[PDB]
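K.L.:
Quick one: structure below, then a few questions.
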Amino acid sequence: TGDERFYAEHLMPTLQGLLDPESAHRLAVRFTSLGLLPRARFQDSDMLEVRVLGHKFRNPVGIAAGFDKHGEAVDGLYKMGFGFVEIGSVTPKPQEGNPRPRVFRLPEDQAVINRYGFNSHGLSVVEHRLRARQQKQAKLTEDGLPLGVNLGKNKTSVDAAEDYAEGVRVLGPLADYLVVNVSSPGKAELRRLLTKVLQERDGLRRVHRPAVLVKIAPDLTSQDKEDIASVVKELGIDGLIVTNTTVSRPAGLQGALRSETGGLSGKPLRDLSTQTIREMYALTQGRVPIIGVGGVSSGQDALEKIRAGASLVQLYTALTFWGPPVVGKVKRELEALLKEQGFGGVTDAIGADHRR
Ligand SMILES: Cc1cc2nc3c(=O)[nH]c(=O)nc-3n(C[C@H](O)[C@H](O)[C@H](O)COP(=O)(O)O)c2cc1C
Ligand SMILES: CN(c1ccccc1)c1ccc2c(c1)CCC[C@H]2CNc1cnccc1C(=O)O
Ligand SMILES: O=C(O)c1cc(=O)[nH]c(=O)[nH]1
C-alpha cells in the first residue's frame with residue numbers, strides 16, 4: 001500500500017527523530033484515543049477468524065500489553081484493525097513507575113528496551129474508564145473484538161497473590177480475559193498464587209467471568225517451563241501468553257543503548273519467543289491456548305508463531321517503527337501465506353509444525 005511505504009520510510013522515522021521514545025509513546029496513545037488514524041480498509045476474511053478462550057476473534061492480531069497501560073485508547077486500537085486489545089499492566093494502587101529516562105530505542109536492531117516499572121493509574125481509575133464503555137465493549141466482543149486486561153502488582157506489595165486477587169475482583173467483571181504476569185522484567189508458590197486467582201475468578205457472576213491466562217518471560221529455565229506447564233494443566237488455567245520482554249541481550253545487538261537495564265522487545269526477541277511457544281505447546285500437549293508475542297512485524301512472523309502453537313498473536317514494537325499500517329500489513333501477508341501453504345484458515349495452522 002502507499003500508506004505502508006510512506007509511514008515506514010518517511011512519517012514514522014521523522015516522528016521518532018523528533019521525539020524521545022516515552023514522549024513518542026504518549027503522543028501515540030493520545031492520537032489513538034482520539035481516533036486520529038489512517039482508514040483501515042483491509043476487511044478481515046473468514047480465514048482469519050479464530051474461536052478460543054470462549055470467544056470469537058475476527059482476526060488473530062492483537063495489541064500487546066504496555067501500549068495502552070491505563071485503558072485510554074481501546075476504541076482507537078480496534079479502529080486500527082486489531083482483532084483484540086489487551087490493556088495494562090494495571091496495579092491495585094496508582095504508582096509512578098521508575099525514574100526517567102526509562103524507554104530506549106535500538107533502531108539498528110528494530111528493538112526497544114524499557115524499564116517503565118509498572119507506571120499505572122491504578123485499578124479504580126481503569127475500572128471507571130472501562131465502565132464508561134462497558135456496553136460498547138459487550139457489542140464489540142459479540143462482534144468478534146474481545147478485550148483483555150493485564151494485572152500487575154504494586155512495588156511495595158507484601159503479597160503478590162492479594163494484588164492479583166484485587167485485580168480479578170475489580171477488572172475481571174469488565175474483561176474477556178485476564179492476564180497474570182509471572183514475567184515482568186517454587187512451583188508451590190506459583191500454584192498458591194494461581195489457585196487464589198482462579199478462586200477469585202470463579203467467584204464472579206457467570207456473565208462477568210473471564211478466562212485467566214499466565215504471561216511468561218522468555219528467560220525461564222527448562223525447570224521453570226516444566227513447572228509452569230504442570231501447574232497450568234493441574235489448575236485448569238485457560239491459556240498462556242508467550243512471551244514478555246527479555247532481560248537477555250542476544251549477541252549481535254548494534255544499538256548504542258543495548259546495555260540499558262530493562263526488557264528488550266522487537267526483532268531480537270522474535271525467535272526466542274517462537275521457541276518458547278513451541279516448547280510450551282509441547283509441554284501442554286497442545287491443549288492450552290497460547291497467545292504468541294515477540295518481534296512480530298510480518299505475516300511470516302505471525303504464521304511462524306501460529307505454526308509453533310499460537311492460536312493468536314500480539315505485537316507492540318513493530319507499531320513504533322511502521323505505524324498503524326503494520327496491522328493491515330500483517331493480516332494481509334498472513335492470509336496470503338495461509339493460502340500459499342494450503343491452510344483453510346488460521347485454525348488449521350495452529351500447532352501445524354508439531355504434526356510434521
Ligand atoms: C514500552 C513497553 C512496555 C510494556 N509494558 C508491558 C506491561 O505493562 N505489561 C506486560 O505484560 N507487557 C508489557 N510489555 C511487553 C509486551 O506486551 C510484549 O510482551 C513484548 O514487548 C514483546 O512484543 P513486541 O516484540 O511485539 O513488542 C511492554 C513492552 C514495551 C515495548
Ligand atoms: C497511532 N500512530 C499514528 C501514526 C501516524 C499517524 C496517526 C497515528 C502512532 C503509532 C506509533 C507511534 C506514533 C504514532 C508516533 C510516535 C512513534 C510511535 C510510538 N513510539 C513508541 C511507542 N512506545 C514505545 C517506544 C516508542 C518509540 O518511538 O521508541
Ligand atoms: O511496566 C513495565 O515496566 C513492564 C512490564 C512488563 O511486563 N513488561 C515490560 O516490558 N515492561
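Chains: A, B, ... in order of the C-alpha cells. Residues: from 1 per chain. Ligands: from 1, in order shown.
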Excluding residue 240 in chain A and its own-chain neighbours fewer than 6 positions away, which residues fall within 8 Å of it when counting only C-alpha atoms? Please give them as a ChimeraX atom specification.
P.N.:
/A:213-216,288-291
K.L.:
Keeping only C-alpha atoms, write the selected residues to a file as a short mmCIF file (atom, residue, chain, number, x, y, z; two decimals), in the first residue's frame.
P.N.:
```
data_model
loop_
_atom_site.label_atom_id
_atom_site.label_comp_id
_atom_site.auth_asym_id
_atom_site.auth_seq_id
_atom_site.Cartn_x
_atom_site.Cartn_y
_atom_site.Cartn_z
CA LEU A 213 -4.03 -16.59 31.25
CA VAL A 214 -0.46 -16.56 32.53
CA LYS A 215 2.16 -14.46 30.71
CA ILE A 216 5.72 -15.71 30.91
CA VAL A 288 -3.73 -24.91 26.37
CA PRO A 289 -4.34 -21.89 24.07
CA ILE A 290 -1.24 -19.70 23.53
CA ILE A 291 -1.12 -16.07 22.52
#
```
K.L.:
Looking only at helix (DSSP H, G or I) from DSSP on the backbone, list the matching residues of range 89-266 of chain A as a PyMOL selection string.
P.N.:
chain A and resi 107-109+123-131+134-142+160-174+187-202+206-208+222-235
K.L.:
Can I get the residues close to ligand 2 as a PyMOL selection string, where close means within 10 Å and we count only C-alpha atoms and all ligand atoms?
P.N.:
chain A and resi 3+7-8+11-38+66-68+73+76-77+80+103-107+110-114+265+316-326
K.L.:
Any residue with an atom at most 9 Å from ligand 3 counts, using only C-alpha atoms and all ligand atoms. Which are they? Put them as a PyMOL selection string.
P.N.:
chain A and resi 65-66+69+88-90+97-98+102+113-120+150+152+181-185+215-217+244-246+262-265
K.L.:
Closest to residue 137 in chain A among A:178, A:85, A:160, A:229, using only C-alpha atoms?
P.N.:
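Residue with the minimum atom-to-atom distance to residue 137 in chain A: A:85.
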K.L.:
Give me, as a ChimeraX atom specification, all polymer residues having an atom no more than 8 Å from residue 190 in chain A, counting only C-alpha atoms and skipping those fewer than 4 positions away in the same chain.
P.N.:
/A:186,194,228,231
K.L.:
Please dump the current selection as a PDB file, in the first residue's frame; keep N, CA and C atoms.
P.N.:
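Result file follows (out-v1.pdb):
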```pdb
ATOM      1  N   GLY A 186       8.960 -21.102  44.197  1.00  0.00           N
ATOM      2  CA  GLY A 186       8.752 -22.536  43.934  1.00  0.00           C
ATOM      3  C   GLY A 186       7.469 -22.790  43.169  1.00  0.00           C
ATOM      4  N   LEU A 194      -1.808 -18.930  41.684  1.00  0.00           N
ATOM      5  CA  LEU A 194      -2.782 -19.128  40.622  1.00  0.00           C
ATOM      6  C   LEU A 194      -4.062 -19.761  41.180  1.00  0.00           C
ATOM      7  N   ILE A 228       5.729 -24.574  35.154  1.00  0.00           N
ATOM      8  CA  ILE A 228       4.600 -23.754  34.753  1.00  0.00           C
ATOM      9  C   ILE A 228       3.577 -24.588  33.976  1.00  0.00           C
ATOM     10  N   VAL A 231       1.578 -26.819  36.409  1.00  0.00           N
ATOM     11  CA  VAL A 231       0.637 -26.123  37.267  1.00  0.00           C
ATOM     12  C   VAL A 231      -0.548 -25.653  36.425  1.00  0.00           C
TER      13      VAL A 231
END
```
K.L.:
Measure the distance from CA of residue 163 in chain A to CA of residue 276 in chain A in Å and round it to one decimal.
P.N.:
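Value for the CA of residue 163 in chain A-CA of residue 276 in chain A distance: 27.0 Å.
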K.L.:
Env of residue 300 in chain A: 10 Å cut, atoms = only C-alpha atoms, seq-sep filter 3 positions within chain, self excluded. Answer as a list in words.
P.N.:
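That gives residues 296, 297, 303, 304, 305, 306, 330, 333, 334, 336, 337 and 338 of chain A.
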K.L.:
Just list the residues in range 84-291 of chain A DSSP gives strand (DSSP E or B) on the backbone, as a PyMOL selection string.
P.N.:
chain A and resi 84-90+95+103-106+111-114+120+147-151+177-182+211-216+239-242+246+263-266+290-291
K.L.:
Looking at A:207, A:180, A:315, A:282, which one is nearest to ligand 1, with distances taken over only C-alpha atoms and all ligand atoms?
P.N.:
A:315
K.L.:
When you look at residue 55 in chain A with a cut-off of 9 Å (counting only C-alpha atoms), what residues show up, excluding the ones that are within fewer than 4 positions of it in the same chain? I need them as a list in words.
P.N.:
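Skipping anything fewer than 4 positions along the chain leaves residues 50, 51, 141, 142, 144, 145, 146 and 176 of chain A.
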K.L.:
Write the residues of the preceding selection, restricted to N, CA and C atoms, as a PDB file, in the first residue's frame.
P.N.:
```
ATOM      1  N   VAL A  50     -10.770 -16.828  14.516  1.00  0.00           N
ATOM      2  CA  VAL A  50     -10.367 -17.849  15.470  1.00  0.00           C
ATOM      3  C   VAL A  50     -11.383 -17.884  16.612  1.00  0.00           C
ATOM      4  N   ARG A  51     -11.744 -19.096  17.051  1.00  0.00           N
ATOM      5  CA  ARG A  51     -12.571 -19.267  18.237  1.00  0.00           C
ATOM      6  C   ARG A  51     -11.746 -19.930  19.344  1.00  0.00           C
ATOM      7  N   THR A 141     -17.209  -7.336  21.617  1.00  0.00           N
ATOM      8  CA  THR A 141     -16.857  -8.717  21.927  1.00  0.00           C
ATOM      9  C   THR A 141     -17.776  -9.677  21.165  1.00  0.00           C
ATOM     10  N   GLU A 142     -19.063  -9.367  21.177  1.00  0.00           N
ATOM     11  CA  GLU A 142     -20.051 -10.151  20.457  1.00  0.00           C
ATOM     12  C   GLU A 142     -19.753 -10.145  18.958  1.00  0.00           C
ATOM     13  N   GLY A 144     -16.797 -10.152  17.684  1.00  0.00           N
ATOM     14  CA  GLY A 144     -15.507 -10.777  17.453  1.00  0.00           C
ATOM     15  C   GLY A 144     -14.306  -9.886  17.783  1.00  0.00           C
ATOM     16  N   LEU A 145     -14.487  -8.855  18.636  1.00  0.00           N
ATOM     17  CA  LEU A 145     -13.387  -7.976  19.050  1.00  0.00           C
ATOM     18  C   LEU A 145     -13.228  -7.962  20.576  1.00  0.00           C
ATOM     19  N   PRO A 146     -12.660  -9.034  21.189  1.00  0.00           N
ATOM     20  CA  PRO A 146     -12.541  -9.114  22.647  1.00  0.00           C
ATOM     21  C   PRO A 146     -11.475  -8.220  23.290  1.00  0.00           C
ATOM     22  N   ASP A 176     -12.762  -9.834  28.953  1.00  0.00           N
ATOM     23  CA  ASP A 176     -12.999 -11.137  28.360  1.00  0.00           C
ATOM     24  C   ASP A 176     -11.949 -12.128  28.849  1.00  0.00           C
TER      25      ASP A 176
END
```
K.L.:
Would you kindly return, as number ranges by chain, each protein, DNA or RNA residue with an atom no farther than 9 Å from any atom of range 171-173 of chain A, considering only C-alpha atoms and excluding same-chain residues fewer than 5 positions away?
P.N.:
A: 123-124, 126-127, 130, 149, 151, 166, 178, 201, 204-205, 207-211
K.L.:
Kindly indicate which residue among A:331, A:191, A:307, A:39 lies nearest to residue 343 in chain A, using only C-alpha atoms for the distances.
P.N.:
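Checking each of A:331, A:191, A:307, A:39 against residue 343 in chain A, counting only C-alpha atoms, the winner is A:307.
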K.L.:
Can you tell me how far CA of residue 60 in chain A sits from CA of residue 83 in chain A, in Å to one decimal?
P.N.:
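Rounded to one decimal, the two atoms are 5.8 Å apart.
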K.L.:
CA of residue 82 in chain A and CA of residue 168 in chain A, how far apart in Å?
P.N.:
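CA of residue 82 in chain A lies at a distance of 24.2 Å from CA of residue 168 in chain A.
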K.L.:
Between A:41, A:332, A:70, A:192, which residue has the minimum interatomic distance to ligand 1, considering only C-alpha atoms and all ligand atoms?
P.N.:
A:70
K.L.:
Pick out the closest residue to ligand 1 from this set: A:44, A:108, A:226, A:86. Count only C-alpha atoms and all ligand atoms.
P.N.:
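Looking only at the distances to ligand 1, the closest residue turns out to be A:86.
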K.L.:
Using only C-alpha atoms for the distances, tell me which of A:314, A:273, A:298, A:259 is nearest to residue 328 in chain A.
P.N.:
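Residue with the minimum atom-to-atom distance to residue 328 in chain A: A:298.
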K.L.:
Set the distance at 6 Å and use only C-alpha atoms: which residues neighbour residue 295 in chain A once local chain neighbours fewer than 3 positions away are removed? I'd like the list as an mmCIF file with N, CA, C and O atoms, in the first residue's frame.
P.N.:
```
data_model
loop_
_atom_site.group_PDB
_atom_site.id
_atom_site.type_symbol
_atom_site.label_atom_id
_atom_site.label_comp_id
_atom_site.auth_asym_id
_atom_site.auth_seq_id
_atom_site.Cartn_x
_atom_site.Cartn_y
_atom_site.Cartn_z
ATOM 1 N N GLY A 266 10.986 -6.640 20.317
ATOM 2 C CA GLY A 266 11.198 -6.462 18.895
ATOM 3 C C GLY A 266 11.965 -7.626 18.276
ATOM 4 O O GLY A 266 11.945 -8.745 18.778
ATOM 5 N N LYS A 267 12.625 -7.347 17.157
ATOM 6 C CA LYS A 267 13.178 -8.393 16.308
ATOM 7 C C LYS A 267 14.143 -9.298 17.071
ATOM 8 O O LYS A 267 14.121 -10.499 16.854
ATOM 9 N N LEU A 269 14.001 -10.475 19.933
ATOM 10 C CA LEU A 269 13.207 -11.335 20.790
ATOM 11 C C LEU A 269 12.446 -12.366 19.958
ATOM 12 O O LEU A 269 11.937 -13.344 20.501
ATOM 13 N N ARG A 270 12.338 -12.146 18.643
ATOM 14 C CA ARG A 270 11.331 -12.850 17.862
ATOM 15 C C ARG A 270 11.452 -14.369 17.995
ATOM 16 O O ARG A 270 10.475 -15.026 18.364
#
```
